[PDB]
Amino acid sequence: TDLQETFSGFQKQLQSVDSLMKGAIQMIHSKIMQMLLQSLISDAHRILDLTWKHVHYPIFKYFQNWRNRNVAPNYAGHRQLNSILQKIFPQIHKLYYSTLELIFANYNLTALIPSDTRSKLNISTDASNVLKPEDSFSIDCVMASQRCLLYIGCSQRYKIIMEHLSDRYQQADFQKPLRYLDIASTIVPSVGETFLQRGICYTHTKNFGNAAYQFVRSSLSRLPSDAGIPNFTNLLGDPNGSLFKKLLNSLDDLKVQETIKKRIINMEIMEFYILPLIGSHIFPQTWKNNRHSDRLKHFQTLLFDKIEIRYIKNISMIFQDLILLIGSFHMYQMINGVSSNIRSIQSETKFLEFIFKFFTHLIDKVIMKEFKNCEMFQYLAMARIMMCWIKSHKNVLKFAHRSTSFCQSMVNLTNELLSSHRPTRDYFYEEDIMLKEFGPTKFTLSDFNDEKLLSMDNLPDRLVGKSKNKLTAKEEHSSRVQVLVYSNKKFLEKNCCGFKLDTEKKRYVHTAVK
């Protein structure tokens, strides 16, 4: 309350504001650093949020508005405002990184945070200094750290944009803010805002599929961003959204490039062509009224063809497409509401049908051709993710149980696996780590019984794939095989499509009573 009044005052002070501009910032930074000291020797992460909102964001916004005076050129404009920016930015960066260094200097976070985190932050190295994973204060410390990493990320993104001459950005231009954001996501994956800011980076490089995916992750994490759905909608649902208009331009560029079959083109088709398909289900009106509207069947056929023919070098993007799509079904429900009409039930059903069409295509043309592949985790990881999703939602389970194509596909896969009770393990796999706090799979992939992990040592490292007991790629593949056979058998137990275990063959066959 009284704290809120103080930061509003910082904002108003800076709005009124060569040298005295830096002076004002220094004074405000000095007070904030002092609040943070009093907080750390529940206020901490709140102090940092009010800092971003009332002090830093309004500054960065002004540089944006001004930069956009340049592009609509102003050479004398670019370097001049880039000069005053470089007077201010090191202070902003210091406010957040000081807090990190402060935090890591007082307390041991190894009970809550991966051990190599200090290393990654170039932070150098008592019994009571070790924070227990359940105290309120321990949570406040980690959240404070996450905020520092988050706002360093945003600041870095803003700088890169100003430091750029054109609105053309190569892939690795945002490498530095992406690293900070990656670390922020790692230590508290529940926070949607980290994914949101990552997606904003990808909008600059025009990786709109990566952007959509990050926007979906930001809307569906256990603590989602409020800007998650607005940005998703700006990209896929708003005829007048700047992101949407850009998407259409990208689809233009791809249209004229479809004849080329360089990997880079196959990859971009898989990143982009799923977008209009998802768009048309969630935002049907928007995707009936544009220049690409009559190309919807084309997008799907080419997407599916690229997946069948070109999955080997592009499997990582196919994996992303799967999660985006699963997430998009819940985007659909949040955006279009609880189904009520006969028509709204059928629209929702049509989307689910398309989703399972994608599943069976993945299973039939990709995973079935790669279930022995011990080198790439993605093949069997995709099967785990489908099953974990399906077991998480009654409506989805019922659709899946009654889907003949999907049940047939799982029978074929399960039978191949059988030809190769509940499994356990000592650490998280790649796909586990990626989907931590993802809502549609209920925040953790629950096909394994990770019950005992909590009683094991080095738990934070275990939950980011690091342990003394790391298995070979082969062993990890074997572990996925077991959990898939187990989940698939549980799923098939009550399927409604006539599939049953032939107890002589010990394989699944199709049956009927007559």
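One rule holds for the numbers: they count along the sequence shown, beginning at 1.
- The stretch of deposited sequence separating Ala72 from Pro73 contains 4 to 9 residues lacking coordinates in this entry.
- Missing coordinates between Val17 and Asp18 amount to 4 to 9 residues of the deposited sequence.
- Of the two stretches examined, 248-256 and 92-100, the record assigns the greater average C-alpha temperature factor to 92-100.
- Checked against the record, the higher mean CA B factor of 294-302 and 78-86 lies with 78-86.
- Looking only at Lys490, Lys506, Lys500, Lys12, the residue with the top Cα B factor in the deposited structure is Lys12.
- Sorting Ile282, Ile269, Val411, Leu109 by the CA temperature factor given in the entry leaves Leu109 at the top.
- Ranked within its chain, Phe137 lands in the highest third, by CA B factor from the PDB record.
- For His477, the recorded CA temperature factor ranks within the middle third of the chain's modelled residues.
- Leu445: CA B factor in the lowest third of modelled residues in this chain (values from the PDB entry).
- Ranked within its chain, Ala172 lands in the highest third, by CA B factor from the PDB record.
- Per-chain ranking of the deposited C-alpha B factor places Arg425 in the middle third.
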